[PDB]
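Novice: Any chance you could fold what I've pasted below:
(2 chains)
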There are 2 protein chains.
Amino acid sequence: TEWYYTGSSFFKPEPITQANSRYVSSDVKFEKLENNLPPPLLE
Amino acid sequence: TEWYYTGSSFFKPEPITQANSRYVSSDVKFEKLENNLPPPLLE
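Specialist: Numbers count the residues shown, from 1 in each chain, chains lettered A, B, ... in the order given. Now the structure:
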């Protein structure tokens, strides 16, 4: 599956990037992606 | 010595990471840690 960022007050799916994403501590309820890793997570 | 991150409202030492650290302009009062360099400080 593929994941896209969207705005809060209007609906527009957009690519996930560093600007709209923040690094946070690990958690169980966070989704775990085997592939299609977003640029921030991908290394 | 070694430095650990702890929360404000409850006491539990944690490993330091980029999630809970902010890059700031250097100041004299800060700690000049020659050894045991925190992982976010590594270049």
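Novice: Spell out which parts of chain A neighbour chain B.
Specialist: Contact residues, chain A versus chain B (CB under 8 Å from any CB of the partner chain): A:23, A:24, A:25. C-beta: built from backbone N, CA, C; applies to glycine.
Novice: What distance do you get for the second one to residue B:7?
Specialist: It refers to residue A:24. 14 Å (CB to CB, to the nearest Å).
Novice: Show me which positions of stretch A:36-43 end up buried.
Specialist: If you call a residue buried by 16 or more other CB atoms under 10 Å in any protein chain shown, then stretch A:36-43 has these buried ones: residue A:38.
Novice: Highest neighbour count among the residues of chain A next to chain B?
Specialist: Ranked by neighbour count under the definition other CB atoms under 10 Å in any protein chain shown, the residues of chain A next to chain B are headed by residue A:23 with 11 neighbours.
Novice: Secondary structure for the residues of chain A next to chain B - can I get that in CSV?
Specialist: Output for those, formatted as CSV (DSSP: H, G, I helix; E, B strand; the rest coil):
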residue, secondary structure
A:23, coil
A:24, coil
A:25, coil
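Novice: if I averaged out where everything in chain A sits, which residue would be nearest that spot?
Specialist: residue A:16 (5.3 Å; CA atoms, centre = their mean).
Novice: quick one: the closest residue to that residue other than its chain neighbours and residue A:27, what's the gap?
Specialist: Once flanking residues are discounted, residue A:16 sits nearest to residue A:38: 4.2 Å by CB to CB, 6 or more residues apart in numbering or on different chains. Counting by CB to CB, the separation of residue A:38 from residue A:27 is 16 Å.
Novice: same thing with residue A:14?
Specialist: According to CB to CB, residue A:14 and residue A:27 sit 24 Å apart.
Novice: Name the residue in the two with the higher neighbour count.
Specialist: The neighbour comparison of residue A:14 against residue A:27 (other CB under 10 Å) goes to residue A:14, with 10 against 6.
Novice: dump the residue contacts of the closest residue to residue A:18 other than its chain neighbours.
Specialist: Nearest non-adjacent residue to residue A:18, counting by CB to CB, 6+ apart: residue A:40, 5.6 Å away. Going by CB atoms under 8 Å, 6 or more residues apart in numbering or on different chains, residue A:40 touches A:16, A:17, A:18, A:21, A:23.
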